[PDB]
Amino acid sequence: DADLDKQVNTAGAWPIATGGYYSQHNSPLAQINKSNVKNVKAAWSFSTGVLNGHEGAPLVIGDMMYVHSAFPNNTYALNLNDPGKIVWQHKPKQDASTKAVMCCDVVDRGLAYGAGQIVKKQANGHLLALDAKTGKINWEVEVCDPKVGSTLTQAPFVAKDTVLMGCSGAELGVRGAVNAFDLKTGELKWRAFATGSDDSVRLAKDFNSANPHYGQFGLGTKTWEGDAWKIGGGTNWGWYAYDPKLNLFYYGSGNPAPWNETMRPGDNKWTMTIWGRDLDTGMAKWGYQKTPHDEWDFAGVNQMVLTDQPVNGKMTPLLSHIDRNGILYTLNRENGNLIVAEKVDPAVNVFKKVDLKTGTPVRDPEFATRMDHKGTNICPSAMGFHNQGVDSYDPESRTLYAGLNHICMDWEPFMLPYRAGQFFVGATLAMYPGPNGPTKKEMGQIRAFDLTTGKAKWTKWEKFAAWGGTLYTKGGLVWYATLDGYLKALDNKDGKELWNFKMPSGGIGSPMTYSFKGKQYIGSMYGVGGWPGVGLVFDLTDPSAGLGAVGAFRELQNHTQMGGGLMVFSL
């Protein structure tokens, strides 16, 4: 709304989790730069009093900072003039059973802001709007039902007078949908499903008119056998982007359920699709399915980054996205035209390539999955070569600094029944480091990309996956947190490490920045968890436990322990 726009245009504020409507996750603040970053020091810290994974990052509105924790989803408001005083706090009362239906740690990616309110959700499916100054609850509504395996983890997204919220739960057969609510009253505007009839999916009359070969009408049911689409997955729990001039918002729908591909023949549309939908009506103008008939859990919910750059000398409104499947996609955000579809790392073998003319991946049968067969050395793994991290873009050098994962896997599916409220996966996995690391043990990479060609400019290897993402600040710095516990700053020119600090625990969120009283501050949550930390957080030892992540991250416990909090830095 107008209030949010006011904040967005205020220097030093941080009202949106992704950095702005375009989700470039950057900042023009240049007080801290390459020549003085070595002098950055800790300013203050704050514990949430909760353990488990602490994803996302705080919001800063005016002289107020809003911090969020993992389940039970507590909210703390602090006035920056005195970080030692909690102005107000909201501590939800939720049934502990809610944790049992969450696939990947009890995480929360953050808060949103709009119309003078903090918009927050709870894992148990409630969505609330609280007065930003007092914490008083203006409205509270139900969005998901844990009884059927649906929970809330993603950050809400506010555009104009609408709040976008999507439930999680594809691992439990939850049919995905983006829900739109009125910012002021909480009233349901509309709901757009990922599978089913065209009416339920909400397709515009001119849906994909520019690219008919992507598929148009009736595919939400036709690309499935029988009523399998009813428990077909496609949940969107990642990030959104919005273009005010076109009034289109963008996001990706998740993986189809179950993981056992043999139990769901068909392209399974419209799971793993990049969407361009009208904010007012929710009607899709265009949609591109990245991974037809998923066989690897490449949940297509990753960040959408909007940029305007010249493509072969021609200025074009773009949308870029690095999917779990290891492909970097760049499309015209106006009509969905496919421009770039390149592997982020040569290890990707599930596809030979993505054919730009047919618009579909050329599958390599040797790395497919199927019943009564164990696939091996499949790259990327289900964790993907990119997960929930929020990356940054430097508009001057026109570079995207991506936090990547370099993990591959072995996979064998198995038959299982669907029972509402219970897990519906159907696959046994083993995950391990990819083949390209210097010592073949490295699982993380910070890699700079040109979004118009898909070519990399430089690479920095990390022992563990770069799960949280990166932040770019005009001073020429790429900031990011590591699973092993460090907040680091790199020279954006070559990836050279210029500064670092050992936080209490690994970080799985992306750093943020703000200004207060003329000083630039960098903030980062800490508290390892999420999928990579499941073994550590739940004391698991079986290598195949945690959907196969336990074995791959067994060494993490020798570098960090759980935690939960925020650390702020400045000159």
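One-based numbering along the sequence shown.
Chemist: Can you tell me whether 265 to 273 has a higher mean C-alpha B factor than 451 to 459 in this record, or the other way round?
Modeler: Between 265 to 273 and 451 to 459, it is 451 to 459.
Chemist: Identify the stretch, either 40 to 48 or 539 to 547, whose C-alpha atoms have the larger mean B-factor according to the entry.
Modeler: According to the entry, 539 to 547 carries the higher average C-alpha B-factor.
Chemist: Name the residue from 33, 69, 524, 26 with the greatest C-alpha temperature factor listed in the entry.
Modeler: The record points to 33.
Chemist: For the CA B factor values reported in this entry, which option in 221, 377, 75, 388 has the top one?
Modeler: Spelled out: the listed residue with the top C-alpha B-factor is 221.
Chemist: Using the B-factors in the PDB entry, rank residue 100's C-alpha atom against the chain and give the third, lowest, middle or highest.
Modeler: Highest third - that is where residue 100 ends up once the chain's C-alpha B-factors are sorted.
Chemist: Ranking every modelled residue in this chain by its Cα temperature factor as given in the entry, which third contains residue 217?
Modeler: Highest third.
Chemist: Rank-wise, by C-alpha B-factor, drop residue 336 into the lowest, middle or highest third of its chain.
Modeler: Top third by C-alpha B-factor.
Chemist: Rank-wise, by C-alpha B-factor, drop residue 482 into the lowest, middle or highest third of its chain.
Modeler: Its C-alpha B-factor, which the entry lists for residue 482, ranks in the lowest third among residues of this chain.
Chemist: When the modelled residues of the chain are sorted by Cα temperature factor, does residue 159 land in the lowest, middle or highest third?
Modeler: Within its chain, residue 159 is a highest-third residue by C-alpha B-factor, going by the deposited values.
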